[PDB]
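Only one chain comes next, encoded as structure tokens, the form deposited in one PDB entry.
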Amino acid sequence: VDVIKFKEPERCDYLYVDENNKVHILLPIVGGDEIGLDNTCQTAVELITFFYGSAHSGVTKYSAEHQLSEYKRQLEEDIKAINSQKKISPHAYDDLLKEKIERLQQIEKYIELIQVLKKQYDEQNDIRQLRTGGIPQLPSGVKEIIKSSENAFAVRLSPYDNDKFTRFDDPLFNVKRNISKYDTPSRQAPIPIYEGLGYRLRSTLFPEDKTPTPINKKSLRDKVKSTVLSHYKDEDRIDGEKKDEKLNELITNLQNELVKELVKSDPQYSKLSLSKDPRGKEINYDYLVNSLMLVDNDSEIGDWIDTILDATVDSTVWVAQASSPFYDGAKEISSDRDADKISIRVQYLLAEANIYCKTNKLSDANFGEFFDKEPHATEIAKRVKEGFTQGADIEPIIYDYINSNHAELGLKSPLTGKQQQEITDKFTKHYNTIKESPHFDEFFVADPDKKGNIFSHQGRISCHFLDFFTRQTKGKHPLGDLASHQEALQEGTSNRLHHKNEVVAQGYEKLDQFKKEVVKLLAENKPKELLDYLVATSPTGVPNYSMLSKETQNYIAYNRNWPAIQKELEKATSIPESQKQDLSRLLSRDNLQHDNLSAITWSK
């Protein structure tokens, strides 16, 4: 069957091809996008798979070397298939061919580099250990990349039952920890320390006397209703000779309280009003009591509030933001496990705020060091405890405490409301991502929208393989043709790399676009244009007719107006002799050296 089936896929594990067709291999540190999903004992998993392959959920994952070798094979099949057309068309697929050869040569080189790294430059067993080590460690080359990153940072926290086997040793945020159960003879329970942030959060939120902490979280509507009702008494009524005036005071107070509470989340609500119905009708006694017949002189202030709200406010208004991880539906903190959970949350917020400041160049301090100290450890725990009882927003309690201390945290200036909302959104997203982690000791957090040495690619947080290779080889194996490739990846728009390679895919779409142009220019019977199209050259100077294949050759040769096309060819003057004779072979059945190009296909 005379069809070329192109095999080069548009996606391969660990491989990013940039717009300039430079091939980059991304060494993975841990799995994830911005926050790492692997930690503690499993930190090494990605690296194990990269260097050695592995079995995940009884489905085999192959090494980078295996996968790159397979991609090489496919490129060679593609190249050999293109070359088979050269006896028919000397210029067949010239751009696609060169781009494929360019990638093949780079990939071979990367295969060589991985090989020499494992064979020659692992005398300390730093990579081998991934495979033999009881609980493996990050190779030092990766530890150094981490240490020098400007855009990715580990944080270390204090869960009650801490795991000794943390694997990120340069965290930005770091707090005191219990003695892991694994550093006790029987390995069963941690040995608690009685100082620092972790302890103060746990001991305060669920105390040794077992007194629960109530969580009194109110929806917006409930929060506004009750607040307003607080300045009233159970016996209060909208009755009397002062009823209209009392209804007015209620309307105004409820309006003030609804607005004030709405405005913090969206100041569009600054202009919301409760004095009137959508249809313009005035919210007064006669309307609600004698016309709508909903409340009366004997109604409670709460039932007047309900009625005011239902008659004047749009349902849109009551739609909640996303929830804070701090409020997950629980009525109370009623067990050491609940307290530990919430302690971790607080700590993780403070770690996100620390990352935020570090990555935006506002501070290099370790916020943990400060919050572990007294009275801060204690004060922050009490204000958070009080927050849950008020049903208040937890994040601003942390931000106000940071801001009342900004200089001591290394910050020239307090955090603005806008910077606060950005931290909250990262914290919320990142936390929701890792909240079913079996261990909260540690996370690595990367921002691929900033300049640096760490990247996001195919669900892995990664660095450039060449960064790693150079560090681990100490400069002793120069990179030849790949010496500028690491620098080239920095020059891209973003550290967030696309999961597929568009430059590979476009090498197929261009062959499809060429077919469309040809089918159109023939259906439109404009033969001079067809010839100009074919002879028109791409940026590299290659003629479009390079992209002929069985289908396009047959459309042209057997078309209606081929005689018309052939007249133009002979009588053209501007088309060089090379290409007249070339097109004539290809498109004229009468040509001595006429032959059929193969069909071409691929997987989309």
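Here, rigid core means the biggest group of C-alpha atoms that superpose within 1.5 Å across both forms. From 1 onward, residues are counted along the sequence shown.
Omitted from view is the form deposited in another entry, to which the following refers.
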### Sole member of 284, 378, 149, 85 with a C-alpha shift of at least 2 Å between the shown form and the other one (core-superposed)
284
### Message
Superposing on the rigid core, is the Cα displacement of residue 71 between the shown form and the other one 2 Å or more?
### Response
no
### Task
Verify the C-alpha shift of residue 416 between the shown form and the other one: is it 2 Å or more after superposing the core?
no
### Query
residue 310: CA shift of at least 2 Å between the shown form and the other one after core fit?
yes
